[PDB]
Amino acid sequence: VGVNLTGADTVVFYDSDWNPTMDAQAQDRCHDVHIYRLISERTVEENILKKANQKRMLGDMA
Amino acid sequence: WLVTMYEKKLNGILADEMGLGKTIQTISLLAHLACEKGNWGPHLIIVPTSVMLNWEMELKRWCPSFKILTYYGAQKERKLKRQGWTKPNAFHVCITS
Amino acid sequence: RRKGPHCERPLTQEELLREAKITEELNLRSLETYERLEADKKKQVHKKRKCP
Amino acid sequence: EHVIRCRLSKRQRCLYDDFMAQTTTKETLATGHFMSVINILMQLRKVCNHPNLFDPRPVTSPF
């Protein structure tokens, strides 16, 4: 929608989207700040979040 | 970069990602043009209706020397605002939708 | 062929105009701060009672 | 910055377990088609979202 109101912390990522540069925009808008990704254990969540981090690193290095 | 584009008489397209302060960059360009080039024109700025107030506040915040004219309201109010707006130095930056 | 137009006041001084607008900056900031403070100190969004 | 971890529901994610267990979905995934795989992944994500969206609690009323 725009530059969300500043002064907000504890960004709760309810679900990871596996989409290109989603949390990067939130981090840029926010930037003390804190991050809380709701990682549901006992599932592929770990491997798919590793994939998402690799995608974000590639998009940042591009 | 914008100042170089202006000096060499070319038009610009700023494609910086959202949130990087393109508004602030354009305001600083206007500040340079006003201070070093002596050009404070009538500088038209066409923005979405949702960000007219945001642009006005950013201008009032960063560059307080620009005469800002927000072109909004009913037809009668627009006519009242246009009355005498052709005179020189009546306004420096106009903000419309 | 009786009437004719007229025009005058061709004056615009670069540096003096820059000074004039740098001064008008004072009025602009005064208006902004006054509006902001007056709104914040008067509106304080709320309602009133009925007149029956 | 740091992250957080969450725990799956003891009772309700038995639905997730049973949806992943049945050989029907296993074969539909092994097929390799794009629609089947993406649809199953969407269903799993939805079950990972308080599955009331995947299986809402029905209101009971006498017959």
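The chain as shown is numbered from 1 upward.
Each residue, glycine too, has its Cβ placed from N, Cα and C.
Taken from Swiss-Prot as is:
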BINDING   B:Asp16, B:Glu17, B:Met18, B:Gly19, B:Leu20, B:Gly21, B:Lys22, B:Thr23  ATP binding site
Listed in sequence order, which of the binding-site residues B:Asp16, B:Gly19, B:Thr23 sit with a CB under 8 A of chain A?
B:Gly19
Inside 10 Å of the Cβ of B:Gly21 (ATP binding site), count up the other Cβ atoms and send me the figure.
14
Starting from the ATP site formed by B:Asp16, B:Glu17, B:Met18, B:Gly19, B:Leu20, B:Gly21, B:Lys22, B:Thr23, give every other residue of that chain whose CB sits within 8 Å of the mean position of their CB atoms, in sequence order.
B:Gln25
Counting every protein chain present, what is the number of Cβ atoms, excluding its own, within 10 Å of the Cβ of B:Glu17 (ATP binding site)?
10
According to DSSP, collapsed to three classes, what secondary structure does B:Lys22 (ATP binding site) have?
helix
Looking at Cβ-Cβ distances, which residues of the chain lie under 8 angstroms from B:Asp16 (ATP binding site) while being 6 or more apart from it?
B:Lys22, B:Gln25
